[PDB]
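J.: Got a structure here, written out as structure tokens. Questions coming.
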Amino acid sequence: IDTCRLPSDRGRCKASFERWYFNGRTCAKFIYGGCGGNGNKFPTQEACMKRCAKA
């Protein structure tokens, strides 16, 4: 699991939506405007846990 290592950006921009991301092993939460994301970013925690907590 090398996707949970990628640093997800919150992308300030003109957006401000709360999303989930991987933090080493556990999940996290912040205001992700939608600018800056690859494989560590995720809308719901269900995917964040199923990608690192379930995998």
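A note on labels: chains of the structure tokens are A, B, ... as shown, every chain counts residues from 1, and ligands are counted from 1 in their shown order.
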Just want the 9 Å neighbourhood of region 46-54 of chain A, counted on only C-alpha atoms, with same-chain residues fewer than 5 positions away dropped. Output as a list in words.
T.: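 Skipping anything fewer than 5 positions along the chain leaves residues 1, 3, 4, 20, 21, 22, 24, 25, 26, 27, 28, 40 and 41 of chain A.
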J.: Calculated over only C-alpha atoms, which of the candidates A:36, A:42, A:29, A:23 has the smallest distance to residue 11 (chain A)?
T.: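 For residue 11 (chain A), the nearest of the candidates is A:36.
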J.: Return as a ChimeraX atom specification the full set of residues in chain A whose backbone-based DSSP assignment is alpha helix (DSSP H).
T.: /A:45-52
J.: Quick one: pull the distance between CA of residue 13 (chain A) and CA of residue 44 (chain A), Å, one decimal.
T.: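 Separation of CA of residue 13 (chain A) and CA of residue 44 (chain A): 20.6 Å.
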J.: DSSP on the backbone, strand (DSSP E or B) only: what residues of chain A does that give? Format it as a list in words.
T.: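 Across chain A, those assigned strand (DSSP E or B) are residues 18, 19, 20, 21, 22, 23, 26, 27, 28, 29, 30, 31, 41 and 42 of chain A.
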J.: Of the residues A:37, A:45, A:7, A:55, which is the one nearest to residue 19 (chain A), using only C-alpha atoms?
T.: A:45
J.: Report, in Å to a single decimal, how far apart CA of residue 10 (chain A) and CA of residue 34 (chain A) are.
T.: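 Distance reported for this atom pair: 6.6 Å.
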